[PDB]
Amino acid sequence: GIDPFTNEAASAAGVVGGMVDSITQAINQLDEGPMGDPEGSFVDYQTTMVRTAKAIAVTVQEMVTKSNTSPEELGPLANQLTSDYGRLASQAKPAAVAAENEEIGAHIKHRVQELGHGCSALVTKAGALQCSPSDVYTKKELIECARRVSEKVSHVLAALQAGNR
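Rendered as structure tokens:
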């Protein structure tokens, strides 16, 4: 029928949990290798990935900011960082395989790994921060995590231009 979604209490955890495992999964899936069968040239996937990277960058830069004012806004942003990263982790495989050089594809995949470790840490910190928005240490760790993510975005972006345009 109309199909309503009664999201009462939580699916499993009210804070950021569960999808953090997805980020770790995204790390492992890339460690495996590229997907293959690119629909376009490396430049097409390049331009796609750099856009999504800038997209996660604005999220992480928002999270570092919002943690000071709005600790409950960290959850939806952690969700956004998680989702956009999930898309990047999907786009990274066709990008790596579209490269005419293993060192280039390996350069891309490893940078998304950089993001994976940071993204994972940021979202799990946001979860723990929402559990106790008052805890300065958890918030500080999140700020650290956010910085690490934003830093790695630059490394990801720079990895792309070294490939086939």
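Okay, so the sequence shown: first residue is 1809 according to the entry's author numbering, each after it adds one. Heads up, the beta-carbon is just placed ideally off N, CA and C, and yes, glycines get one too.
Exposure label - residue i; buried when at least 16 CB within 10 Å
i	result
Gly1971	buried
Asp1829	exposed
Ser1819	exposed
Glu1922	buried
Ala1966	exposed
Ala1817	exposed
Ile1810	exposed
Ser1875	buried
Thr1814	exposed
residue 1759	Beyond the ends of the chain as shown, which are 1809 and 1973, falls residue 1759; an answer cannot be given.
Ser1962	exposed
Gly1924	buried
Among the options, the one whose alpha carbon lies nearest that of residue i
i	options	result
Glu1908	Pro1842, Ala1897, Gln1899 and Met1827	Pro1842
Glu1840	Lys1901, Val1944, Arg1919 and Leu1882	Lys1901
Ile1916	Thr1814, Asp1811, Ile1835 and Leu1950	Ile1835
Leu1889	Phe1850, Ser1962 and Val1866	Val1866
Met1857	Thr1814, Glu1959, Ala1897 and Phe1813	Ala1897
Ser1878	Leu1968, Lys1947, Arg1955 and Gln1969	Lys1947
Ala1903	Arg1956, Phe1813 and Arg1973	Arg1973
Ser1849	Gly1883, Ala1906, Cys1953 and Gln1837	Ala1906
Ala1929	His1918, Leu1950, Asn1887 and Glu1911	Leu1950
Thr1860	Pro1884, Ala1886 and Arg1895	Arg1895
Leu1838	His1918, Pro1812 and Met1827	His1918
Whether residue i touches residue j by CB criterion (9 Å)
i	j	result
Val1920	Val1964	yes
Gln1938	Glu1847	no
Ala1863	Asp1892	yes
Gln1969	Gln1899	no
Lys1960	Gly1926	yes
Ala1934	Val1851	no
- [ ] Say whether the stretch 1936-1944 touches the stretch 1866-1874, bearing in mind that this needs 3 or more beta-carbon pairs closer than 8 Å, one atom from each stretch.
- [x] no
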